[PDB]
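Enclosed are the sequence and the experimentally obtained structure.
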Amino acid sequence: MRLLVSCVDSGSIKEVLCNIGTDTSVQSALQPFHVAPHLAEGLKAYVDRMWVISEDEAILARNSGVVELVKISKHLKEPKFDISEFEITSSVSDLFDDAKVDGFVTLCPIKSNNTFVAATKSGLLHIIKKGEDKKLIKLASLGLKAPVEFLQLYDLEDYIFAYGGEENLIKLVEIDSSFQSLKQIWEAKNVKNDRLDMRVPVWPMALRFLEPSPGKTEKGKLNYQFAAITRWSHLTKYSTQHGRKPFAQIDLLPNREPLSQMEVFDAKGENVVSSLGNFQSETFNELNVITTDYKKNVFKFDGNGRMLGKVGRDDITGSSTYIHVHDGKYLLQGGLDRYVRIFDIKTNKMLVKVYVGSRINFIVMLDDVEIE
């Protein structure tokens with residue numbers, strides 16, 4: 001299989017080529033065929049996010065406040081296989097507002113489009129297009145309420161997106177197709193005080209949409225369903241037909257153990273999500289998510305908050321900075337302990353473990369082809 005790993009320590013991207021069963025910590029196991037650095041820009045400009053447009057092209061968003069267009073080419077290496085080369089063809093810069101530490105939380109297509117969104121923690125929503133001259137051009141920079149932990153586009157209809165942050169209630173926003181204007185259409189409410197009559201803090205960290213609620217729907221209310229993971233160990237479930245308060249807020253771990261990330265998954269490894277990771281279902285009872293704490297654990301929960309078991313419990317020793325469910329059956333994992341890992345979703349089995357010599361914050365799987 002072919003992976004790209006964002007190595008923050010060198011501000012670079014490494015291509016990793018290895019077969020299933022690879023484990024660089026066990027010398028008797030399979031070892032990688034190829035690891036090489038690319039586009040090293042230093043700790044001052046490490047990659048925040050990537051999005052692969054095709055096998056020939058990708059787009060990067062760097063912690064220097066720069067979005068780059070990348071051309072990917074293949075070369076025969078001189079056990080036969082090709083290796084990649086990367087050339088930056090266009091870029092857009094000064095996309096941060098540290099004065100309002102900034103970073104890119106979202107980098108994904110808006111919809112034939114050539115148009116992408118790039119959202120910052122400082123509450124900037126940049127719209128960037130690959131024009132006919134094949135150059136990147138910024139179409140707009142819309143302002144949101146800071147701070148922003150996440151921005152999730154809605155791509156499941158049966159443009160709309162949700163965003164939120166520290167003491168920044170979840171908001172649904174409608175943006176015009178000109179990208180020059182947006183309108184807030186919904187804001188969540190906090191839940192009641194707890195058993196000790198104390199205010200429940202608000203800190204949504206990640207959100208995934210579900211399909212609209214079924215049955216007959218009331219006029220005057222939207223019909224959007226979504227679930228969110230909070231920084232206070234909550235699983236919050238929303239249905240706008242019910243109201244602005246969540247219809248359920250569930251404590252996932254004791255003592256409000258902080259959490260980040262939310263990856264939808266099916267227990268048998270089926271691909272049940274949209275291109276942006278939204279759950280293609282209308283029932284919360286089928287929802288399962290993967291999340292991480294700031295210690296070393298990777299947790300799996302069902303829609304009711306039951307812990308379904310940990311991933312790499314005995315192998316992961318550092319905080320899992322990045323997780324991603326790829327095409328239903330793969331879990332990409334990388335974090336502070338500097339090993340890039342691939343797990344099987346259904347069997348929970350670790351398929352790949354490769355030391356990359358740097359902290360990891362993003363991984364993409366270009367293909368899963370075995371090399372022979």
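Thanks, I have the structure now. Numbering: from 1, shown residues only.

C-alpha only now, for contacts and for neighbours.
Fine.

Show me which positions of stretch 148-159 end up buried.
By neighbour count on 16 or more other Cα atoms under 10 Å, the buried set for stretch 148-159 is 148, 149, 150, 151, 152, 153, 154, 155, 156.

Can I get the residues you listed in JSON lines including secondary structure?
Shown next, in JSON lines, are the buried residues of stretch 148-159 (DSSP: H, G, I helix; E, B strand; the rest coil):
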{"residue": "148", "secondary structure": "coil"}
{"residue": "149", "secondary structure": "coil"}
{"residue": "150", "secondary structure": "strand"}
{"residue": "151", "secondary structure": "strand"}
{"residue": "152", "secondary structure": "strand"}
{"residue": "153", "secondary structure": "strand"}
{"residue": "154", "secondary structure": "coil"}
{"residue": "155", "secondary structure": "coil"}
{"residue": "156", "secondary structure": "coil"}
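
where along the stretch 51-200 of the chain do the strands fall?
Applying DSSP state E, counting those that start in this stretch to the stretch 51-200 of the chain gives strands spanning 57-62, 66-76, 82-92, 104-109, 115-120, 124-130, 136-143, 150-153, 160-165, 168-175, 182-187.

Which one, of the ones you listed, ends up nearest to residue 253?
Ranking the strands of the stretch 51-200 of the chain by their distance to residue 253 (criterion: Cα to Cα) puts strand 160-165 first, at 20.1 Å.

which residues pair with the residue nearest to residue 115 when sequence neighbours are not counted across the strands?
Of all residues not flanking residue 115 in the chain, residue 129 sits nearest, at 4.3 Å (Cα to Cα, 6 or more residues apart in numbering). With DSSP bridges as the criterion, residue 129 is bridged to residue 115, residue 137.

dump the residue contacts of residue 129.
114, 115, 116, 136, 137, 138, 139 (Cα atoms under 8 Å, 6 or more residues apart in numbering).

Swap in 6 Å and give it another go.
Under the criterion of Cα atoms under 6 Å, 6 or more residues apart in numbering, the contact list for residue 129 reads 114, 115, 136, 137.

can you check residue 249 too?
By Cα under 6 Å, 6+ apart, the residues touching residue 249 are 235, 236.

Mind listing the strands the host helix or strand of it pairs with, and their directions?
Here residue 249, judged by DSSP states H and E, is contained in strand 248-251. In the sheet, strand 248-251 lines up against strand 234-239 (antiparallel) (DSSP bridges).

re earlier: out of the buried residues of stretch 148-159, the closest to residue 196 would be?
Looking across those and measuring by Cα to Cα, the closest to residue 196 is residue 149, at 28.3 Å.

got the contact list for that closest one?
Counting by Cα under 6 Å, 6+ apart, residue 149 has contacts 121, 165, 205.

Is there a neighbour count for the last one? I'd like the number.
Neighbours of residue 205 under the rule other Cα atoms under 10 Å: 26.

Could you report the separation of the closest residue to residue 120 other than its chain neighbours from residue 72?
Nearest residue to residue 120, sequence neighbours excluded (Cα to Cα, 6+ apart): residue 104, at 4.5 Å. Using Cα to Cα, to the nearest Å, residue 104 is found at 22 Å from residue 72.

do the same with residue 36
14 Å.

With residue 308 instead?
Residue 308 is 39 Å from residue 72, by Cα to Cα.

related to what we said a few turns ago, which of the contacts of residue 129 has the most neighbours?
residue 136 (20 neighbours).

for residue 224, what are its contacts?
212, 239, 240.

And for the first one, the neighbour number?
Think residue 212. Residue 212 is flanked by 22 other residues according to other Cα under 10 Å.

these two touch, right, it and residue 222?
No - taking contacts as Cα atoms under 6 Å, residue 212 lies outside contact range of residue 222: 9.2 Å.

rewinding a little: from the contacts of residue 224, pick the one nearest residue 298.
Using Cα to Cα, these come closest to residue 298 at residue 239, 27.1 Å.

Residue 69: what's its closest spatial neighbour, skipping adjacent residues?
Here the residue nearest residue 69, using Cα to Cα, 6+ apart, is residue 59, at 4.7 Å.

That neighbour: what's it in contact with?
50, 51, 68, 69, 70.

Identify the bridge partners of it.
In this entry, residue 59 is beta-bridged to residue 51, residue 69, by DSSP bridges.

what's the spacing between it and residue 118?
Distance from residue 59 to residue 118, by Cα to Cα: 11 Å.

Three-state assignment for the residue nearest the centre of the chain, please.
The centroid of the chain falls nearest to residue 324 when counting by Cα atoms, centre = their mean (6.5 Å). Of the three states, residue 324 takes strand under three-state DSSP.

Quick check, residue 20 in contact with residue 351.
Yes - counting by Cα under 6 Å, residue 20 touches residue 351, with 5.3 Å between them.

Mind checking what secondary structure residue 255 has?
helix.

Confirm residue 44 sits in a helix?
Yes - assessed with three-state DSSP, residue 44 lies in a helix.

residues touching it, list them.
By Cα under 6 Å, 6+ apart, residue 44 has no neighbours at all.

how close does it get to residue 69?
On the measure of Cα to Cα, residue 44 and residue 69 end up 19 Å apart.

Repeat that for residue 323.
Distance, residue 323 to residue 69, by Cα to Cα: 24 Å.

circling back: can you give me every residue that contacts the residue nearest to residue 120?
Residues in contact with residue 104, defined by Cα under 6 Å, 6+ apart, are 48, 119, 120.

Was I right to think the last one contacts residue 100?
No - with contacts counted by Cα under 6 Å, residue 120 stays clear of residue 100, the gap being 11.1 Å.
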